[PDB]
Each structure stands twice: as C-alpha cells, then as structure tokens.
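**Student:** Sharing a structure with you now.
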Amino acid sequence: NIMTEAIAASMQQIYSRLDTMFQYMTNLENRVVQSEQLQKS
Amino acid sequence: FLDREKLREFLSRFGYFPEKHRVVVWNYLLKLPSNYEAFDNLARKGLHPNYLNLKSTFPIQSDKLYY
C-alpha cells in the first residue's frame, strides 16, 4: 500500500515543485541568456 | 528545484524531467559556466571544411537538423 500510493502520491509533489524551475531559470541564469544576444550581434 | 540529492531522487521517481528545464537541471549538475562569450567566439568565423558534408556518412534528411 505504501509503495503503491503513499509513495506515488508523495512523488507527485516532485513536479508540484519542479513545474516552476523555469521561474528561476528565467531569473537564475538569464543574465547570460540575455547578454549573449548582444554579444552575438 | 536544485540540489543533486533532490534531483537524483526526482529524476528516479518522477523519472527523467521535461525539456523546458534542461537548462537548470543540467547546468546545476554539470557545473556549467554559461560561458557564452567563449561559445560565441566559436560560432562566428566563416566556412568550416571538416563538416560540410554530414549527410554523406549520416544521411538524415533534415536540412535544418544537420545544420
């Protein structure tokens, strides 16, 4: 019972949080994402 | 989000992860510098003779992917 669902349910929460990793990506590393566009041209 | 331990388990229980996040998962785990200057100076010089050419040995018929 636990290995089925207690885990599967608690493992939902992985994406519950990972779903927003992009929110940092756009604000984590973005200075580079951004600088490159000029430096390239 | 980030932390090798969280990711190790997340990537095992969720399984893999989605594409829009390749930048964060990888860059963290792989210690990437995001050395965009170094990369751009590879990108623009001109013609490169070793690989003009690729479909001859690996004939994947996509003129945008071979590019």
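Ligands are numbered from 1 in the order shown, chains are lettered A, B, ... in the order of the structure tokens, and residues start at 1 in each chain.
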Mind checking which residues fall within 8 Å of region 18-35 of chain A, counting only C-alpha atoms, ignoring those fewer than 5 positions away in the same chain, and posting them as a list in words?
**Tutor:** residues 1, 20, 21, 23, 24, 34, 35 and 36 of chain B
**Student:** Which chain B residues have any atom within 12 Å of an atom of chain A, and for each, what is the nearest pair of atoms with distance in Å to one decimal, counting only C-alpha atoms, rows sorted by chain and number, as JSON lines?
**Tutor:**
{"residue": "B:1", "atom": "CA", "partner": "A:18", "partner_atom": "CA", "distance": 5.5}
{"residue": "B:2", "atom": "CA", "partner": "A:21", "partner_atom": "CA", "distance": 8.3}
{"residue": "B:3", "atom": "CA", "partner": "A:18", "partner_atom": "CA", "distance": 11.8}
{"residue": "B:6", "atom": "CA", "partner": "A:14", "partner_atom": "CA", "distance": 8.9}
{"residue": "B:7", "atom": "CA", "partner": "A:14", "partner_atom": "CA", "distance": 9.4}
{"residue": "B:8", "atom": "CA", "partner": "A:14", "partner_atom": "CA", "distance": 11.5}
{"residue": "B:9", "atom": "CA", "partner": "A:14", "partner_atom": "CA", "distance": 9.2}
{"residue": "B:10", "atom": "CA", "partner": "A:14", "partner_atom": "CA", "distance": 6.2}
{"residue": "B:11", "atom": "CA", "partner": "A:14", "partner_atom": "CA", "distance": 9.2}
{"residue": "B:12", "atom": "CA", "partner": "A:11", "partner_atom": "CA", "distance": 10.0}
{"residue": "B:13", "atom": "CA", "partner": "A:11", "partner_atom": "CA", "distance": 6.4}
{"residue": "B:14", "atom": "CA", "partner": "A:11", "partner_atom": "CA", "distance": 6.6}
{"residue": "B:15", "atom": "CA", "partner": "A:14", "partner_atom": "CA", "distance": 10.0}
{"residue": "B:16", "atom": "CA", "partner": "A:15", "partner_atom": "CA", "distance": 11.1}
{"residue": "B:17", "atom": "CA", "partner": "A:18", "partner_atom": "CA", "distance": 8.6}
{"residue": "B:18", "atom": "CA", "partner": "A:19", "partner_atom": "CA", "distance": 9.0}
{"residue": "B:19", "atom": "CA", "partner": "A:22", "partner_atom": "CA", "distance": 10.3}
{"residue": "B:20", "atom": "CA", "partner": "A:22", "partner_atom": "CA", "distance": 7.1}
{"residue": "B:21", "atom": "CA", "partner": "A:22", "partner_atom": "CA", "distance": 6.1}
{"residue": "B:22", "atom": "CA", "partner": "A:22", "partner_atom": "CA", "distance": 9.4}
{"residue": "B:23", "atom": "CA", "partner": "A:25", "partner_atom": "CA", "distance": 7.1}
{"residue": "B:24", "atom": "CA", "partner": "A:25", "partner_atom": "CA", "distance": 6.1}
{"residue": "B:25", "atom": "CA", "partner": "A:21", "partner_atom": "CA", "distance": 8.6}
{"residue": "B:26", "atom": "CA", "partner": "A:25", "partner_atom": "CA", "distance": 11.4}
{"residue": "B:27", "atom": "CA", "partner": "A:29", "partner_atom": "CA", "distance": 9.4}
{"residue": "B:28", "atom": "CA", "partner": "A:29", "partner_atom": "CA", "distance": 10.6}
{"residue": "B:32", "atom": "CA", "partner": "A:29", "partner_atom": "CA", "distance": 10.6}
{"residue": "B:33", "atom": "CA", "partner": "A:32", "partner_atom": "CA", "distance": 9.7}
{"residue": "B:34", "atom": "CA", "partner": "A:32", "partner_atom": "CA", "distance": 6.7}
{"residue": "B:35", "atom": "CA", "partner": "A:32", "partner_atom": "CA", "distance": 8.0}
{"residue": "B:36", "atom": "CA", "partner": "A:36", "partner_atom": "CA", "distance": 5.9}
{"residue": "B:37", "atom": "CA", "partner": "A:36", "partner_atom": "CA", "distance": 7.1}
{"residue": "B:38", "atom": "CA", "partner": "A:36", "partner_atom": "CA", "distance": 10.2}
{"residue": "B:39", "atom": "CA", "partner": "A:36", "partner_atom": "CA", "distance": 9.3}
{"residue": "B:40", "atom": "CA", "partner": "A:40", "partner_atom": "CA", "distance": 6.2}
{"residue": "B:41", "atom": "CA", "partner": "A:40", "partner_atom": "CA", "distance": 8.5}
{"residue": "B:42", "atom": "CA", "partner": "A:40", "partner_atom": "CA", "distance": 10.7}
{"residue": "B:43", "atom": "CA", "partner": "A:40", "partner_atom": "CA", "distance": 8.8}
{"residue": "B:44", "atom": "CA", "partner": "A:40", "partner_atom": "CA", "distance": 8.5}
{"residue": "B:45", "atom": "CA", "partner": "A:40", "partner_atom": "CA", "distance": 11.9}
**Student:** So that I can check the secondary structure, give me every residue of region 15-52 of chain B assigned alpha helix (DSSP H) by backbone DSSP, as a list in words.
**Tutor:**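 After running DSSP on the backbone, region 15-52 of chain B has alpha helix (DSSP H) at residues 22, 23, 24, 25, 26, 27, 28, 29, 36, 37, 38, 39, 40, 41, 42 and 43 of chain B.
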**Student:** Would you write out those residues with N, CA and C atoms, as a CSV table (one decimal), in the first residue's frame?
**Tutor:**
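Produced file out-v9.csv, reproduced below:
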chain,number,residue,atom,x,y,z
B,22,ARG,N,15.8,21.8,-19.1
B,22,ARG,CA,17.2,21.2,-19.3
B,22,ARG,C,18.2,22.2,-18.8
B,23,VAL,N,18.0,23.4,-19.0
B,23,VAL,CA,19.0,24.5,-18.6
B,23,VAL,C,19.2,24.5,-17.1
B,24,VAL,N,18.2,24.3,-16.3
B,24,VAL,CA,18.5,24.3,-14.9
B,24,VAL,C,19.0,23.0,-14.4
B,25,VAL,N,18.4,21.9,-14.8
B,25,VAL,CA,18.8,20.7,-14.2
B,25,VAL,C,20.2,20.3,-14.5
B,26,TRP,N,20.6,20.5,-15.8
B,26,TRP,CA,21.9,20.2,-16.3
B,26,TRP,C,22.9,21.2,-15.8
B,27,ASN,N,22.5,22.4,-15.6
B,27,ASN,CA,23.6,23.3,-15.5
B,27,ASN,C,24.1,23.2,-14.2
B,28,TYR,N,23.1,22.9,-13.3
B,28,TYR,CA,23.5,22.7,-11.9
B,28,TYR,C,24.3,21.5,-11.7
B,29,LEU,N,23.8,20.4,-12.2
B,29,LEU,CA,24.5,19.1,-12.1
B,29,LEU,C,25.9,19.1,-12.7
B,36,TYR,N,29.1,32.1,-22.3
B,36,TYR,CA,28.5,32.4,-23.5
B,36,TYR,C,29.5,33.2,-24.4
B,37,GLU,N,30.5,33.9,-23.8
B,37,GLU,CA,31.4,34.6,-24.6
B,37,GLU,C,32.3,33.6,-25.4
B,38,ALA,N,32.7,32.6,-24.6
B,38,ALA,CA,33.6,31.6,-25.2
B,38,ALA,C,32.9,30.8,-26.3
B,39,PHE,N,31.6,30.6,-26.0
B,39,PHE,CA,30.9,29.9,-27.1
B,39,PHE,C,30.7,30.7,-28.3
B,40,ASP,N,30.3,31.9,-28.2
B,40,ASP,CA,30.0,32.7,-29.3
B,40,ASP,C,31.3,32.9,-30.2
B,41,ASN,N,32.5,32.9,-29.6
B,41,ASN,CA,33.6,33.1,-30.4
B,41,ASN,C,34.0,31.8,-31.2
B,42,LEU,N,33.2,30.8,-31.0
B,42,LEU,CA,33.4,29.6,-31.8
B,42,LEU,C,32.4,29.6,-32.9
B,43,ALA,N,31.2,30.2,-32.6
B,43,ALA,CA,30.1,30.3,-33.6
B,43,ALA,C,30.4,31.1,-34.8
**Student:** Report the distance between CA of residue 48 (chain B) and CA of residue 67 (chain B) in Å, rounded to one decimal place.
**Tutor:** 12.1 Å
**Student:** So the first atom is CA of residue 58 (chain B) and the second is CA of residue 46 (chain B); what is the distance between them in Å, to one decimal place?
**Tutor:**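 For CA of residue 58 (chain B) relative to CA of residue 46 (chain B), the distance reads 23.0 Å.
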**Student:** Give me, please, the distance in Å between CA of residue 9 (chain A) and CA of residue 5 (chain B), quoted to one decimal.
**Tutor:** 19.4 Å
